[PDB]
Structure formats: C-alpha cells, structure tokens
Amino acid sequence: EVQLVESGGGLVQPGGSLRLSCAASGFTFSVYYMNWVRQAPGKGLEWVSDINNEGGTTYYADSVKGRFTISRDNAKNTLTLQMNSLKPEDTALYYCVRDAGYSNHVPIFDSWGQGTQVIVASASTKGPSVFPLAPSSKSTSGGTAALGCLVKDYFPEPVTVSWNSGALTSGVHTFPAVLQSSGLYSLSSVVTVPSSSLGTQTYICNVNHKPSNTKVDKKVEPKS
C-alpha cells in the first residue's frame, strides 16, 4: 500500500526552523507531483507548496513564499519542507500529499499522509495566569450560580484543576483547552453551586501545571 510518513515537525519557537520530511513508499515516487497541504487547529485545508516530478519546478502559497522551500529526492523517496522565518500561521498539521496527475493545471490529491503537527510556540515552558470568574446566575438553573477560573497562557499541556482541594467535585466542568495563535494554551473550569452558599462557602480552584512547577490556588469571590 501507499505510505506517506511525515516527520521533522513538533514544537519550534518563532525564531527557529524545522525541516519536515515525508518518507514515500509503495508507489513510483518520481512519477508524481508532490505537495504539502496543512490544516490549522480549528480551520480548513490550505495548500502550501508543490514540486514537479524531477524537482526543477516548484510553486508556493503566496504567504509562504520566501520563508519555506520545497525539495525532493527521488532516490531517497523523500519530500522535504524547509520551514524558516516562522509565523503563528504556521501552527498546523502538515500533510504530505500526492497529486494524482489527472490534469496539467489542477492538482487533484489522491493520497495523503496522516500528517505531522507543528506548533510555533512563543514559550517552551510557561506557567498559567489564573483569573477568577466571579459567580453569575444569569445562565444557570434557579437557585444556583456559576463561578470559575480562567487558566490562561500556559505551555505545554497538561494542567490539572480541582476545586476546594478536591472536596468539591459535583457540578464541575473543566473545558478542553484552546491552542491560541501565540502557541500557548488557555482553558476554563466552571463549577455550579447553590447561590445561597456564595456568602458562606469559600471557593478555591487548585491549578497545577507540572511542566513549569507552578501551582495556583485562586479564591473566587462574589464581586459586589
């Protein structure tokens, strides 16, 4: 079977570079135009670059021109993407992709690798800022209030969040993190509690970010 196995990606800082490599197998590599196509975290597909059979002709998406270089080696069965001068834009899943070759003008992509992730992250290891989300009852069931913590700008995953040192587990919803354009993560944890308890019960979110050896216990108060 055809395989297109991408490697050489992963975490890189904005001032760094990567050399993606696709190992092609199970077909006559030299017979086909080859491509890189990328898919950004929550976005669609974007063609990046292609190269003709023998390597003398290359094309690029406007926004990667002068930053990336595509190349191939028909003996090693490799396709390469040298990624220099990086941008937040470049955080994406990078697929190695074969053009079926039906048309001289229109690339038609008949075989795709599984892709390899690139993250352009402004920090290699950063602890979160933790902000309280003061209780509100505008959107909860009558007699309850939702309060939380915003766990912002950390890298890499994971963080753990508990409430009241684990003594409050009911009504807790910790949302999946978003990977921001900065290459840092943010998430929220929200607990729904009785509104009457706001005067009496202390609520503290316990945030642990092991990679940065950071722990924050943020008290969340009503905001009269």
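Quick note: we count residues from 1 along the sequence shown, nothing fancier.
- Per the PDB record, of the two stretches 181-189 and 40-48, 40-48 carries the greater mean B-factor over its C-alpha atoms.
- Of the two stretches examined, 145-153 and 120-128, the record assigns the greater average C-alpha temperature factor to 120-128.
- Highest CA B-factor among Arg98, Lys76, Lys87, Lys138, as stated in the entry: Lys138.
- Among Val64, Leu198, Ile70, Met34, the highest C-alpha B-factor recorded in the PDB entry belongs to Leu198.
- Residue-level temperature factors show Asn104 in the highest third of its chain, judged at the C-alpha atom.
- In the deposited entry, the Cα temperature factor of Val12 places it in the highest third of its chain's modelled residues.
- In the deposited entry, the Cα temperature factor of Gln114 sits in the top third of values across the chain's modelled residues.
- Ranked by C-alpha B-factor against the other modelled residues of its chain, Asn206 falls in the middle third.
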